[PDB]
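Before any comments, here is the structure.
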Amino acid sequence: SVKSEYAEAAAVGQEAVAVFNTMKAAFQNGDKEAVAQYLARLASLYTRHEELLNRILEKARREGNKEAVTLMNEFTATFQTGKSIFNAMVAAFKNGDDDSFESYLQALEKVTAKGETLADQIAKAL
Ligand SMILES: O=C(O)c1cc2ccccc2o1
Numbered sequence: 001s002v003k004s005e006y007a008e009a010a011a012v013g014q015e016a017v018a019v020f021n022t023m024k025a026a027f028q029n030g031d032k033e034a035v036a037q038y039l040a041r042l043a044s045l046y047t048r049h050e051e052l053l054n055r056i057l058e059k060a061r062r063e064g065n066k067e068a069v070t071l072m073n074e075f076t077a078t079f080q081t082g083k084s085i086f087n088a089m090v091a092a093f094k095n096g097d098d099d100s101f102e103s104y105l106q107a108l109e110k111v112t113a114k115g116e117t118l119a120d121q122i123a124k125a126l
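Read in the deposited numbering, the sequence shown has 69 at position 69, and its numbers run on one by one without any break.
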């Protein structure tokens with residue numbers, strides 16, 4: 001069901017949370033080789049999460065589930081904010097700009113924490 005597809009998508013999201021926090025520790029410790037690998041892992045996880053979210057939104061639309069579509073449109077918009085900040089973080093790492101990397105890292109944490117009540121609302125709505 002779309003609800004079980006959302007729980008699978010939520011688990012991929014939690015995997016990125018786990019990898020992100022390990023990456024933050026590696027960045028603080030200066031282990032740039034680890035950071036590079038974690039950033040590649042995160043890019044793959046976010047790409048997967050995005051695709052799963054789009055399929056869920058499209059299914060909710062085909063089902064006529066207006067409330068779930070509304071929430072998923074809001075949630076996918078916030079997802080793109082996080083993705084843009086993530087991409088900027090990756091660029092800051094490539095460029096060696098640790099100040100910008102720190103900035104974007106905190107921003108990605110706040111954007112993600114803000115979107116959590118909505119994430120839970122969607123599970124109930126589908
Ligand atoms: O739900 C997600 O795909 C997600 C959450 C998150 C938090 C920090 C960095 C990357 C992230 O991806």
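Don't be surprised by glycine CBs; every beta carbon is placed ideally from N, CA and C.
Practice item. State the Cα-Cα distance for the pair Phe86 and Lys66, rounded to the nearest angstrom. Key: 30 Å
Exercise for review: Take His49 and list the residues in its own chain whose beta-carbon comes closer than 8 Å to its own, dropping the five residues that flank it on each side.
Suggested key: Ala9, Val12, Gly13, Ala16 and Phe79
Practice item. Enumerate in chain order the residues of its own chain whose CB-to-CB distance from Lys3 is below 8 Å, with the five nearest sequence positions on each side excluded. Key: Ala123 and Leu126
Check your understanding: Between which two residues does the alpha helix (DSSP H) carrying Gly13 extend?
Key -> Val2 to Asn29
Review point. What residues in its chain sit with their C-beta under 6 Å from that of residue 127, if we drop five residues either side in the sequence?
Key: Here the chain has residues from 1 to 126 only, and residue 127 is not among them.
Practice item. Take the Cβ of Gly82 as the centre, count every other Cβ of all protein chains shown within 10 Å, and call the residue buried at 16 or more, exposed below. Key: buried
Exercise for review: Tell me whether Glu33 counts as near ligand 1, meaning its Cβ is closer than 8 Å to at least one heavy atom of that ligand.
Suggested key: Outside the cutoff, so no.
**Study point:** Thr112 to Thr76 span [Cα, whole Å]
**Key:** 12 Å
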